[PDB]
Amino acid sequence: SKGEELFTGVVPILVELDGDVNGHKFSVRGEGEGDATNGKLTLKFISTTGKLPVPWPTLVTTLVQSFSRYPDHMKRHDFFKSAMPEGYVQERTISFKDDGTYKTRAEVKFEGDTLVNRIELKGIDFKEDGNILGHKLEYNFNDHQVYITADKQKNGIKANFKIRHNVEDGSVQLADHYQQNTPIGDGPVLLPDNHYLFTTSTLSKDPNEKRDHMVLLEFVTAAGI
């Protein structure tokens, strides 16, 4: 496709998240860049509202699969780039086992030269001293592969996958993800055969940054079944 051409080199990224979890209002702003040729993303995220009311790792999947590296032989299966520049809506439900649920809706699209991911998140039925609102989760991330399938009736894709978060306990906190993506424009998009995205994420901190923040480096590739 022709949306593929927009990801040729290094593309600046802006992420904006407005969140509300059990009534805690918070906002995240992220800036960085993506290099889809090599499936590399680098971003620094800031909590602009003060200390984050949920653990950073629970937000990683919400905070741009258009930067996945699709091998040459799977280009026909890259829905995410094919929807650009007009973009796509990405919606999820994230169910934290024995705790609350995030519902998210995001628009991913070009604004000028910048790939923007603008997100709204609402969390309900969290335990005020559970693993999430009680900040019991380690600052790290366990990636898991994502099985992408076509949803031809919505002209888009869907996926469902589980993420495991480490608890400072040593226990594990499951986050069950359900995902739907739908194009924003009317043009044609690529509906893919079933395939996976594999991700390697690294969370770090900036020693000079005093705001609550997350530095994130990710490498992502597509792989056929």
# chains A, B, ... in the order shown; residues from 1 in each chain; ligands from 1

call {"tool": "select_by_dssp", "arguments": {"residues": "range 42-215 of chain A", "states": "helix (DSSP H, G or I)", "output": "VMD selection string"}}
result
chain A and resid 56 to 59 65 to 67 72 to 77 79 to 82 152 to 154

call {"tool": "write_last_selection", "arguments": {"atoms": "C-alpha atoms", "output": "compact mmCIF listing (two decimals), in the first residue's frame"}}
result
# COMPACT_ATOMS: atom_id res chain seq x y z
CA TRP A 56 3.09 2.27 34.61
CA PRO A 57 3.34 -1.33 33.27
CA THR A 58 -0.49 -1.60 33.19
CA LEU A 59 -0.52 1.22 30.61
CA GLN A 65 1.38 -1.20 16.05
CA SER A 66 1.90 0.66 12.77
CA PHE A 67 5.59 0.65 13.73
CA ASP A 72 8.94 -8.40 2.98
CA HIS A 73 6.85 -11.53 2.44
CA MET A 74 4.07 -10.33 4.76
CA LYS A 75 3.58 -6.79 3.50
CA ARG A 76 0.20 -7.60 2.18
CA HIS A 77 -0.85 -8.23 5.71
CA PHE A 79 -3.44 -3.42 8.12
CA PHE A 80 -2.00 -0.77 10.45
CA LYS A 81 0.08 1.11 7.87
CA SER A 82 -2.52 0.60 5.12
CA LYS A 152 -14.11 -8.35 7.50
CA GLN A 153 -17.53 -7.15 8.71
CA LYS A 154 -15.93 -4.07 10.32

call {"tool": "residues_around", "arguments": {"residues": "residue 132 in chain A", "least_positions_apart": "4", "cutoff": "8 Å", "atoms": "only C-alpha atoms", "output": "PyMOL selection string"}}
result
chain A and resi 54-55+126-127+136-137

call {"tool": "write_last_selection", "arguments": {"atoms": "N, CA, C and O atoms", "output": "PDB file, in the first residue's frame"}}
result
ATOM      1  N   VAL A  54      -2.122   4.526  38.839  1.00  0.00           N
ATOM      2  CA  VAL A  54      -2.000   3.111  38.493  1.00  0.00           C
ATOM      3  C   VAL A  54      -0.534   2.847  38.142  1.00  0.00           C
ATOM      4  O   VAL A  54       0.221   3.789  37.845  1.00  0.00           O
ATOM      5  N   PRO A  55      -0.110   1.572  38.132  1.00  0.00           N
ATOM      6  CA  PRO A  55       1.297   1.265  37.779  1.00  0.00           C
ATOM      7  C   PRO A  55       1.589   1.488  36.304  1.00  0.00           C
ATOM      8  O   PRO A  55       0.823   1.087  35.427  1.00  0.00           O
ATOM      9  N   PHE A 126     -12.114  -1.289  40.430  1.00  0.00           N
ATOM     10  CA  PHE A 126     -10.820  -1.636  40.977  1.00  0.00           C
ATOM     11  C   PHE A 126     -10.892  -1.638  42.491  1.00  0.00           C
ATOM     12  O   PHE A 126     -11.651  -0.873  43.105  1.00  0.00           O
ATOM     13  N   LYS A 127     -10.125  -2.552  43.080  1.00  0.00           N
ATOM     14  CA  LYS A 127      -9.969  -2.628  44.521  1.00  0.00           C
ATOM     15  C   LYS A 127      -9.013  -1.541  44.986  1.00  0.00           C
ATOM     16  O   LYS A 127      -7.906  -1.398  44.451  1.00  0.00           O
ATOM     17  N   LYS A 136       1.269  -2.342  43.660  1.00  0.00           N
ATOM     18  CA  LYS A 136       1.950  -3.549  44.118  1.00  0.00           C
ATOM     19  C   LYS A 136       2.685  -4.242  42.974  1.00  0.00           C
ATOM     20  O   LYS A 136       3.101  -5.395  43.121  1.00  0.00           O
ATOM     21  N   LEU A 137       2.835  -3.579  41.835  1.00  0.00           N
ATOM     22  CA  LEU A 137       3.389  -4.216  40.655  1.00  0.00           C
ATOM     23  C   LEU A 137       4.809  -3.742  40.430  1.00  0.00           C
ATOM     24  O   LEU A 137       5.111  -2.548  40.546  1.00  0.00           O
TER      25      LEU A 137
END

call {"tool": "residues_around", "arguments": {"residues": "range 168-185 of chain A", "least_positions_apart": "6", "cutoff": "9 Å", "atoms": "only C-alpha atoms", "output": "number ranges by chain"}}
result
A: 58, 80, 83-98, 101, 107, 109, 131, 136-138, 151, 154-162

call {"tool": "write_last_selection", "arguments": {"atoms": "C-alpha atoms", "output": "mmCIF file, in the first residue's frame"}}
result
data_model
loop_
_atom_site.group_PDB
_atom_site.id
_atom_site.type_symbol
_atom_site.label_atom_id
_atom_site.label_comp_id
_atom_site.auth_asym_id
_atom_site.auth_seq_id
_atom_site.Cartn_x
_atom_site.Cartn_y
_atom_site.Cartn_z
ATOM 1 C CA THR A 58 -0.486 -1.603 33.194
ATOM 2 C CA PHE A 80 -1.998 -0.772 10.451
ATOM 3 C CA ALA A 83 -5.006 2.675 7.103
ATOM 4 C CA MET A 84 -2.662 5.728 7.132
ATOM 5 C CA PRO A 85 -2.688 8.737 7.009
ATOM 6 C CA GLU A 86 -6.345 8.853 7.958
ATOM 7 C CA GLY A 87 -5.706 6.281 10.683
ATOM 8 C CA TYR A 88 -7.659 3.808 12.758
ATOM 9 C CA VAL A 89 -9.648 3.511 15.953
ATOM 10 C CA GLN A 90 -8.197 1.024 18.446
ATOM 11 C CA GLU A 91 -10.476 -0.149 21.236
ATOM 12 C CA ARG A 92 -9.734 -2.498 24.091
ATOM 13 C CA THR A 93 -11.122 -4.059 27.185
ATOM 14 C CA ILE A 94 -8.398 -5.030 29.676
ATOM 15 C CA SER A 95 -9.732 -7.260 32.461
ATOM 16 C CA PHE A 96 -7.441 -7.557 35.470
ATOM 17 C CA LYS A 97 -8.138 -10.909 37.072
ATOM 18 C CA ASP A 98 -9.859 -10.550 40.458
ATOM 19 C CA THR A 101 -11.356 -3.360 34.020
ATOM 20 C CA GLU A 107 -7.389 7.232 17.428
ATOM 21 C CA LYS A 109 -3.345 8.841 12.797
ATOM 22 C CA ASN A 131 -2.442 -4.743 43.032
ATOM 23 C CA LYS A 136 1.950 -3.549 44.118
ATOM 24 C CA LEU A 137 3.389 -4.216 40.655
ATOM 25 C CA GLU A 138 7.065 -4.331 39.821
ATOM 26 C CA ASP A 151 -12.789 -8.836 11.044
ATOM 27 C CA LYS A 154 -15.933 -4.075 10.315
ATOM 28 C CA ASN A 155 -13.285 -3.715 7.597
ATOM 29 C CA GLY A 156 -10.617 -4.157 10.286
ATOM 30 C CA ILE A 157 -8.839 -6.541 12.680
ATOM 31 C CA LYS A 158 -9.203 -8.013 16.154
ATOM 32 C CA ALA A 159 -7.009 -9.767 18.694
ATOM 33 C CA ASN A 160 -7.195 -11.147 22.200
ATOM 34 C CA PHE A 161 -4.132 -11.842 24.362
ATOM 35 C CA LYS A 162 -3.027 -12.088 27.974
#

call {"tool": "select_by_dssp", "arguments": {"residues": "range 22-172 of chain A", "states": "strand (DSSP E or B)", "output": "PyMOL selection string"}}
result
chain A and resi 24-35+40-47+69+88-96+101-111+114-124+137+146-151+156-167+172

call {"tool": "closest_residue", "arguments": {"among": "A:19, A:123, A:130, A:112", "to": "residue 99 in chain A", "atoms": "only C-alpha atoms"}}
result
A:130

call {"tool": "atom_distance", "arguments": {"atom1": "CA of residue 207 in chain A", "atom2": "CA of residue 60 in chain A"}}
result
20.2 Å

call {"tool": "decode", "arguments": {"residues": "range 165-201 of chain A", "atoms": "C-alpha atoms", "output": "short mmCIF file (atom, residue, chain, number, x, y, z; two decimals), in the first residue's frame"}}
result
data_model
loop_
_atom_site.label_atom_id
_atom_site.label_comp_id
_atom_site.auth_asym_id
_atom_site.auth_seq_id
_atom_site.Cartn_x
_atom_site.Cartn_y
_atom_site.Cartn_z
CA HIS A 165 2.37 -8.43 35.39
CA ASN A 166 4.81 -9.35 38.16
CA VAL A 167 3.58 -8.54 41.71
CA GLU A 168 6.12 -7.46 44.35
CA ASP A 169 4.65 -10.48 46.19
CA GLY A 170 6.19 -12.77 43.67
CA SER A 171 2.66 -13.54 42.50
CA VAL A 172 1.43 -12.69 38.99
CA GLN A 173 -1.43 -10.35 37.99
CA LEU A 174 -3.17 -11.32 34.75
CA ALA A 175 -4.47 -8.67 32.32
CA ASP A 176 -6.78 -10.16 29.69
CA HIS A 177 -6.84 -8.02 26.54
CA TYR A 178 -9.59 -7.86 23.93
CA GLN A 179 -8.92 -5.63 20.93
CA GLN A 180 -10.75 -4.23 17.91
CA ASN A 181 -9.32 -1.87 15.26
CA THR A 182 -11.38 -0.08 12.58
CA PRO A 183 -10.25 2.37 9.86
CA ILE A 184 -11.19 6.02 10.16
CA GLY A 185 -11.19 6.76 6.43
CA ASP A 186 -13.27 5.29 3.62
CA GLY A 187 -10.37 4.19 1.43
CA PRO A 188 -9.45 0.53 1.12
CA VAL A 189 -7.28 -1.24 3.67
CA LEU A 190 -5.46 -4.55 3.81
CA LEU A 191 -7.36 -7.25 5.68
CA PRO A 192 -4.70 -9.75 6.80
CA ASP A 193 -4.44 -13.47 7.13
CA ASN A 194 -4.00 -14.56 10.74
CA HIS A 195 -0.47 -13.80 12.02
CA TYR A 196 1.41 -12.74 15.15
CA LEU A 197 3.21 -9.64 16.41
CA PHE A 198 6.17 -10.35 18.71
CA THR A 199 7.46 -7.56 20.97
CA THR A 200 10.50 -6.92 23.15
CA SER A 201 9.96 -4.06 25.63
#
